[PDB]
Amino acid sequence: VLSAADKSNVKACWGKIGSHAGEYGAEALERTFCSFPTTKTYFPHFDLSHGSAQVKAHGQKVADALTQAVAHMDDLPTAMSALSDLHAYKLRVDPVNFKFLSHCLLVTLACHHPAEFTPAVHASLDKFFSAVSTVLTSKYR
């Protein structure tokens, strides 16, 4: 449930991230795998070692999806319909895991963009990542 100021805060922050989204995507996953090692149970097929290219490849896919979602904040459920089926029907990812990732994405953003990461923007991104996670978890049962 995003407001006029939340959508503008997000876009503004996403604008500054620019071509580095994929990097932050990969860094976000590495942080999650480290801090919350139970998230690795969904990636048994991945080489999960530090700096691995499989994590870096996948991190671009997560970042692209999120770029997608920033362009379509007014209708996340249709924009994300395919990922939503993917996560609930095929992979069956437990909701709590999306809080782990969402947390590490904020940490990654705080690390790289301290001037942009104001108390207000912090709120808006939490809300944004939180909205995406509920759309991706909607069909879980």
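Start at 1 and count along the sequence shown; that's the residue number.
*Asks:* Look over 48-56 and 34-42 in the entry and identify the one with the greater average Cα temperature factor.
*Replies:* The deposited B-factors put 48-56 ahead on the C-alpha mean.
*Asks:* For the higher mean C-alpha B factor in the entry, choose 95-103 or 65-73.
*Replies:* Higher mean C-alpha B-factor: 65-73.
*Asks:* According to the Cα B-factor stored in this entry, which of the following is highest: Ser124, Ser19, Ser130, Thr118?
*Replies:* That would be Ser19.
*Asks:* Quick check on the deposited entry: does the C-alpha B-factor of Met80 sit in the lowest, middle or highest third of its chain?
*Replies:* Ranked within chain, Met80 CA B lands in the highest tercile.
*Asks:* Ranked by Cα temperature factor within the chain, is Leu29 in the lowest third, the middle third or the highest third?
*Replies:* Lowest third - that is where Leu29 ends up once the chain's C-alpha B-factors are sorted.
*Asks:* Relative to the other modelled residues of the same chain, rank the CA B-factor of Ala88 and answer lowest, middle or highest third.
*Replies:* Highest third - that is where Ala88 ends up once the chain's C-alpha B-factors are sorted.
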